[PDB]
Amino acid sequence: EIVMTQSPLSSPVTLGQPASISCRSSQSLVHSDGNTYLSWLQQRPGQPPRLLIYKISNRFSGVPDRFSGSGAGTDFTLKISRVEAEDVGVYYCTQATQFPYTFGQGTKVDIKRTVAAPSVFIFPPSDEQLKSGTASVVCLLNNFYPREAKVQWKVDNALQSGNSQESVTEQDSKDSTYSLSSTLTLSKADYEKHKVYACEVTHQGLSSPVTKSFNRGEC
Amino acid sequence: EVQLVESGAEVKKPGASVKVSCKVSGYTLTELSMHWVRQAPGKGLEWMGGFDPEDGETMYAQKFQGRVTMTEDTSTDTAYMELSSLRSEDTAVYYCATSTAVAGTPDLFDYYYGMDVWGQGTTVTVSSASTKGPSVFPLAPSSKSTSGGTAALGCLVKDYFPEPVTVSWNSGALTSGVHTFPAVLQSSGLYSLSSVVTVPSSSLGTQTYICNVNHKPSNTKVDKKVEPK
Amino acid sequence: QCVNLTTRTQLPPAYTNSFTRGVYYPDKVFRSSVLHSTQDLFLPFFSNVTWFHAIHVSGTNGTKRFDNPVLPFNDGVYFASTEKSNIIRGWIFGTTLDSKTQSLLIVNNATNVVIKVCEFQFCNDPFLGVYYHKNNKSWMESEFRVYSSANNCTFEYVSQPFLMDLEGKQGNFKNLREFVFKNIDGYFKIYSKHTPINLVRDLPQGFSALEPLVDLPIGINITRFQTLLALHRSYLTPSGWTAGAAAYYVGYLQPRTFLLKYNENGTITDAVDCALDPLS
Ligand SMILES: *[C@@H]1O[C@H](CO)[C@@H](O[C@@H]2O[C@H](CO)[C@@H](O[C@@H]3O[C@H](CO)[C@@H](O)[C@H](O)[C@H]3NC(C)=O)[C@H](O)[C@H]2NC(C)=O)[C@H](O)[C@H]1NC(C)=O
Ligand SMILES: *[C@@H]1O[C@H](CO)[C@@H](O[C@@H]2O[C@H](CO)[C@@H](O[C@@H]3O[C@H](CO)[C@@H](O)[C@H](O)[C@H]3NC(C)=O)[C@H](O)[C@H]2NC(C)=O)[C@H](O)[C@H]1NC(C)=O
Ligand SMILES: *[C@@H]1O[C@H](CO)[C@@H](O[C@@H]2O[C@H](CO)[C@@H](O)[C@H](O)[C@H]2NC(C)=O)[C@H](O)[C@H]1NC(C)=O
Ligand SMILES: *[C@@H]1O[C@H](CO)[C@@H](O[C@@H]2O[C@H](CO)[C@@H](O)[C@H](O)[C@H]2NC(C)=O)[C@H](O)[C@H]1NC(C)=O
Ligand SMILES: *[C@@H]1O[C@H](CO)[C@@H](O)[C@H](O)[C@H]1NC(C)=O
Ligand SMILES: *[C@@H]1O[C@H](CO)[C@@H](O)[C@H](O)[C@H]1NC(C)=O
Ligand SMILES: *[C@@H]1O[C@H](CO)[C@@H](O)[C@H](O)[C@H]1NC(C)=O
């Protein structure tokens, strides 16, 4: 069965300028009776994917006419012109031939924000987390990218990695940033023996790594 | 011109069966072709089921063949999809996508393929565990966490399967600088969330903030104060 | 169902003047070349037949106007339309067009005509819907856009369809169909004709011997009627309904006296009305 791909797997575009997503295939998608079947689904975060240019080069009802399809045969291309807000999401490129359909390798776009500096906040385990049987420390890094960044935990200064799970937020609308969190998981016996807790972050957007922490208790 | 209606959440237990429903409105079920599409979380889109405007048959994704069936109640305008012997890796949002079987007039016939309208999803979840309440740990401010351009303040919730929740961090009073994540499924089969809102710095000291940790399936509407520490 | 629609437009119902139309055989007698007079109901000659516009297009951009209002049945109706595409299907004669009274319904459904008399519960804008069924692979014609429910029906007649077209001449034909309905003493009689035509729009000048189709032993009390349109679903073309373009002519009978002239074959020819002018 078919199994195409994508191109930019991202492409944080700029305001007001056009953009280009490039699809691909591994068959010839010209279905019998000669009309090929592409579509360009747009899915917002936390919403169903709507629809955009279906059947190669067309437009769907209510699509605000900035979108343009191109290509034929095996290469295809969507092209937005002079983008703005309200176009941020993922753009799948489903085929519709050979029964067992298949969707594009996925492709997210967003705003083209400059490599700004992150901001670092750390928090320790509450007083009822001290007797919970299992505590935790968070690494509230604010503003960053999920792919070329880097979040590092410094459990009281000693680089301790390998026991962490990561949760990153989306981009903001007023700022179009990217929150970043990490979940250090150790035993109850390890989390009490300490005080000067700190989270040190290194990332491409920062000249020097940050270093924001909190003293167990105090004011 | 078409509206699709979903069917609410469904937490289940491994080995059982689950049936998901989808109500059309605007057109009738005997001129649309339904396709079901999973969304395994944080991943792409996967096809199963569907319908061939040709041969009228209802193909079945090889991946889910002999494991799922699909039936259509054309009287009440709902379509049903029954997945059986649910393994651990089937937690997904299940979309009810459709199109119109042909294109045109009574004069021109194009068997048309694809998906046009996508109906809002239901969220099944397999889990070998049960339902638990909260584990709220109010992440107390700090010395230099506060007294800046903006502060930071949060609560920490681990090892729970209440499913949803809310956070808010108050009663609709706070909404500035709060960053949330997509929870998670620890290796034991439990969740672990951190919701630490970058609040303003000028408001603390005169009025502390509260996380409203409300667990509607567990019915543990605990609202913990987070006194700066 | 019951998807209301109408807009508002309507302007003044375009009037016209049928010259000599609507002479139905006022009996079941075979006759030779004689002169026959008859007091009955007829359409008086040179009358003011109203020209109603159905789905109505306007030179500018799409725009379709809908306006087939219910009309008075008075004592009898001369119905006529040209319509090369079968977009007229039938009529829904009745009293209140609701429950608590019965209603007659004629649908055409071009393989078999079928008539019912139920206590229907019509929408305020009835029409047949045409769609595609995805099984039987064939465009079916479900009638549930007309009425909600049909219970207590006390009749059901089936028969080869009335509106049998032909054309097959790429134009120049236009096949003017006429019908005359009259309802007396607990019966319901329909008279019909199909005629080739070549005039531009309006009624021609010749004679038409409308011979009877049926007679229905009903006994229903009728005082108001309407006409059924067959709108189809639009699909992937940017409600989703409204086929074609249509119009029909309506004019009401009155009791008059005519002097019909028979052929040697047994068919009429020229009808003389006593009442038109002093010469007549
Ligand atoms: C034009 O109108 C006709 C009158 O309604 C339609 O003819 C009949 O349609 C029925 C279904 O719509 C056919 O099946 C019948 O269904 C009932 C339902 O419960 C059964 O009782 C009957 O026994 C069953 N009849 C048979 C023979 O199985 C009728 O067969 C059919 N009659 C004929 C003579 O065709 C036409 O379908 C309609 N035209 C179109 C295009 O829809
Ligand atoms: C088809 O037409 C029928 C003719 O009217 C309707 O049947 C009528 O339903 C009434 C109830 O809604 C019956 O009322 C009964 O009236 C008698 C005397 O009038 C009383 O003694 C009874 O108590 C009373 N029963 C009830 C339950 O109120 C009428 O008798 C009955 N008519 C006949 C001739 O039987 C049907 O309603 C109609 N079909 C539908 C679906 O509405
Ligand atoms: C046939 O039905 C009509 C009802 O539409 C009856 O005609 C008159 O209807 C008006 C309402 O528009 C009533 O106010 C009158 O009272 C009705 N006429 C009479 C004489 O009562 C008509 O009577 C019915 N015919 C029969 C034989 O019952
Ligand atoms: C009816 O009248 C017509 C003309 O007055 C006659 O029909 C013609 O019949 C002859 C047969 O000898 C044909 O060759 C002609 O082509 C017919 N013309 C038309 C217009 O039909 C007929 O004789 C009359 N009598 C009947 C039909 O019984
Ligand atoms: C349209 O139809 C609806 C019922 O479907 C009715 O409530 C409404 O008053 C109607 N409006 C007009 C202008 O006909
Ligand atoms: C037909 O009726 C209209 C009513 O407005 C009138 O103006 C016209 O003169 C009438 N025509 C005839 C031939 O009676
Ligand atoms: C058409 O559909 C009816 C039921 O909807 C079925 O009984 C009949 O066999 C079908 N005919 C064809 C030719 O598919």
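As recorded in the PDB entry, chain C goes by Spike glycoprotein and comes from Severe acute respiratory syndrome coronavirus 2.

The name the PDB entry assigns to chain B is heavy chain of 4A8, from the organism Homo sapiens.

Colleague: Describe the overall build of chain B, and please don't skip the residues or the numbers.
Modeller: Secondary structure assignment for chain B yields zero helices and 16 strands. In terms of its C-alpha atoms, chain B occupies a principal-axis envelope of roughly 75 × 40 × 30 Å. Out of the 229 residues belonging to chain B, those deemed buried represent 52%. Considering only intrachain contacts with a sequence separation of at least 6, the fraction spanning at least 24 residues in chain B is 59%. In the structure as shown, chain B presents an accessible area of about 9,900 Å², 53% of it carried by carbon and sulfur atoms.

Colleague: Would you mind going over the overall build of chain C in detail, with residue names and values included?
Modeller: Helix and strand counts for chain C stand at zero helices and 21 strands. Computed over its C-alpha atoms, the radius of gyration of chain C comes to 20 Å, within 12% of the 19 Å expected for a compact globule of 280 residues. The buried share of chain C, reckoned over its 280 residues, is 46%. Counting only carbon and sulfur atoms, one obtains 53% of the accessible surface of chain C, whose full area is about 13,600 Å². Distance from the positive charge centre (24 side chains) to the negative charge centre (22 side chains) of chain C: 8 Å.

Colleague: Tell me about the interface of chain B and chain C, residues and numbers included.
Modeller: Taken together, the 24 residues of chain B in the interface contact 13 residues of chain C. Buried surface at the junction of chain B and chain C, summed over both partners, amounts to about 1,600 Å²; 57% is from carbon and sulfur atoms. Among the residues of chain B in contact with chain C, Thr30(B), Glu31(B) and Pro106(B) are the three that bury the most area, contributing 30% of the side total. Among the salt bridges present, the one from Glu54(B) reaches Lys137(C), with a minimum N-O distance of 2.8 Å. Run the count over chain B and chain C and you get eight residue pairs in polar contact. For the side of chain B that touches chain C, a count of residues per class yields twelve nonpolar, six polar and six charged.

Colleague: Residue-level account of the sheet that holds strand β12 (residues 153–158) of chain B, with values.
Modeller: Residues and elements named next belong to chain B. Taking strand neighbours across the sheet as the criterion, the four strands line up as β11-β12-β14-β13 in an open arrangement whose pairing is antiparallel. Looking at which strands have only one partner, the edges of the open sheet turn out to be β11 (136–137) and β13 (178–179). Note that β11 and β12 share two bridges and pair antiparallel. Pairing of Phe137 across the sheet is with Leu156, part of β12.

Colleague: Quick rundown of the domain arrangement of chain B? Include the residues and the values.
Modeller: Split into domains, chain B comes out as domain 1 (3–126) and domain 2 (136–226). Using C-alpha coordinates to define each centre, domain 1 of chain B is positioned 37 Å away from domain 2 of chain B.

Colleague: Any chance you could break down the pairing of strand β20 (residues 254–261) of chain C for me, citing the residues and the numbers?
Modeller: All names here are of chain C. Relative to β20, strand β2 (residues 35–42) runs antiparallel, the two being bridged by eight bridges. Residue pairing in the sheet places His36 in a bridge with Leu260 of β20. Taken together, the four bridges between β20 and strand β21 (residues 271–274) define a ladder with antiparallel strand orientation. Within the sheet, the bridge partner assigned to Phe258 lies in β21 and is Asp273.

Colleague: Which residues make up the interface of chain A and chain B, and what are the values?
Modeller: Taken together, the contacts link 46 residues of chain A with 49 residues of chain B. Together chain A and chain B conceal approximately 4,000 Å² of surface at their shared face, both sides included; 64% is due to carbon and sulfur atoms. The largest share of the area that chain A buries against chain B comes from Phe99(A), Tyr101(A) and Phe123(A), three residues that together contribute 17% of it. Inspection of the region where chain A meets chain B yields one salt bridge. For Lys229(B), the salt bridge goes to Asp127(A), with nearest N and O atoms at 2.9 Å. Counting the contacts that link chain A with chain B gives six residue pairs in polar contact.

Colleague: Please provide a residue-by-residue account of the site of ligand 1, values included.
Modeller: Residues and elements named next belong to chain C. Around ligand 1, the structure places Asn109, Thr111 and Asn112. Contact distances for ligand 1 include 2.2 Å between an oxygen atom and a side-chain N or O atom of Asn109. Starting from 800 Å² of accessible surface for ligand 1 in isolation, the protein chains cover 21%.

Colleague: Hey, could you go over the side chain of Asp77(B) for me, with residue numbers and the actual values?
Modeller: Counting through the fold element by element, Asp77(B) comes out in the loop between β6 (68–73) and β7 (78–84). Look at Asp77(B): it is buried, it has no salt bridge, and the nearest opposite charge is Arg145(C) at 7.9 Å. Every residue in contact with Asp77(B), bar those within four places of it in the chain, is listed here: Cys22(B), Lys23(B), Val24(B), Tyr27(B), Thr28(B) and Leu29(B).

Colleague: Residues and numbers for the site of ligand 3, please.
Modeller: Residue and element names in this part refer to chain C. Neighbouring residues of ligand 3: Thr95, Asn221 and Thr223. Here an oxygen atom of ligand 3 and a side-chain polar atom of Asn221 are 2.4 Å apart. Here ligand 3, which alone exposes 570 Å², has 16% of that area covered by the protein.

Colleague: So, the state of the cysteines: which residues are in play, and what are the values?
Modeller: With the rule as written, the count across this model stands at six disulfides over all chains. The residue that forms a disulfide with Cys22(B) is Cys96(B), at a sulfur-sulfur distance of 2.0 Å. As the torsion about the S-S bond is roughly -90 degrees, the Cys22(B)-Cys96(B) disulfide counts as left-handed. Of this pair, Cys22(B) sits in strand β3 (residues 17–25) while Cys96(B) sits in strand β8 (residues 93–100), and the two are 74 residues apart along the sequence. Given the relative accessible area of 1%, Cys22(B) is considered buried. The residue that forms a disulfide with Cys2(C) is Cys123(C), at a sulfur-sulfur distance of 1.9 Å. Between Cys2(C) and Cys123(C) the disulfide shows an S-S torsion of about -80 degrees. By sign, it is left-handed. Of the two residues, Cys2(C) sits in the segment before β1 (23–24) while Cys123(C) sits in the loop between β10 (113–122) and β11 (128–130), which places them 121 residues apart along the sequence.

Colleague: An account of the pairing of strand β19 (residues 247–252) of chain C is needed here, citing residue identities and associated values.
Modeller: All names here are of chain C. In terms of residue burial, β19 counts as a mostly covered element, since five of its six residues are buried. Sheet topology places strand β3 (residues 50–53) next to β19; four bridges connect them, and they run antiparallel. Across the sheet, residue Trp51 finds its bridge partner in β19, namely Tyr249. Looking at chain direction, strand β7 (residues 77–81) and β19 are connected through four bridges and run antiparallel. If you follow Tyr78 over to β19, its bridge partner there is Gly251.

Colleague: How would you summarise the sheet that holds strand β1 (residues 3–5) of chain B if you had to cite specific residues and measurements?
Modeller: All names here are of chain B. In spatial order, the strands read β1-β3-β7-β6; together these four strands make up an open sheet with antiparallel pairing. Each edge of the open sheet is held by one strand with a lone partner, namely β1 and β6. If you compare each strand with its neighbour and ignore which way they point, the axes differ by 20 degrees on average. As paired elements, β3 and β7 share seven bridges and run antiparallel to each other. Paired with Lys23 across the strands is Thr78, a residue of β7.

Colleague: Go over the nonpolar core, please, and point to the residues and values.
Modeller: Residue and element names in this part refer to chain C. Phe79, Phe93, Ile106, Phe179, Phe181, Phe188 and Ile190 are the most contacted members of the largest nonpolar core, which totals 36 residues. At the level of elements, β7, β8 (88–91), β9 (103–107), β10, β14 (176–182), β18 (227–232) and β19 are the ones that each hand at least two residues to this core. Counting residues per element, this core draws most heavily on β10, at three residues. Apart from residues no more than four positions distant in its own chain, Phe181 is found in contact with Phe73, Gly76, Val77, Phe79, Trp91, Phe93, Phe188, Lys189 and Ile190.

What counts, and at which threshold
Residues numbered from 1 in each chain as written, not as in the entry; some residues may be left out. Chains lettered and ligands numbered in written order. Part of a larger assembly, values for the part shown. Heavy atoms only, no water. Helix = DSSP H or I, 4+ residues; strand = E, 2+ residues; numbered from the N terminus. Buried < 20%, exposed > 50% of the residue type's maximum accessible area, 1.4 Å probe, protein only. Contact = heavy atoms within 4.5 Å. Areas by Shrake-Rupley, 256 points an atom, 1.4 Å probe, with all protein chains shown as cover. Rg over C-alpha atoms; globule rule 2.2 N^0.38 Å. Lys, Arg positive; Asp, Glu negative; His and termini not counted. Charge placed at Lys NZ, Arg CZ, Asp CG, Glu CD. Buried area = accessible area lost by both parts, 1.4 Å probe. Salt bridge = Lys/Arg side-chain N within 4 Å of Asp/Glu carboxyl O. Polar contact = N/O pair within 3.5 Å; in protein donor to acceptor, adjacent residues only side chain to side chain. Nonpolar A, V, L, I, M, F, W, Y, C, P; charged D, E, K, R; others polar. Pairing = 2+ DSSP bridges. Domains from an automatic or database assignment. Near = heavy atom within 4 Å. Disulfide = S-S within 2.5 Å. Axes fitted to C-alpha atoms, helices over the stretch in contact; angles between N-to-C directions. Core = buried A, V, L, I, M, F, W, Y, C linked by side-chain atoms within 4.5 Å.

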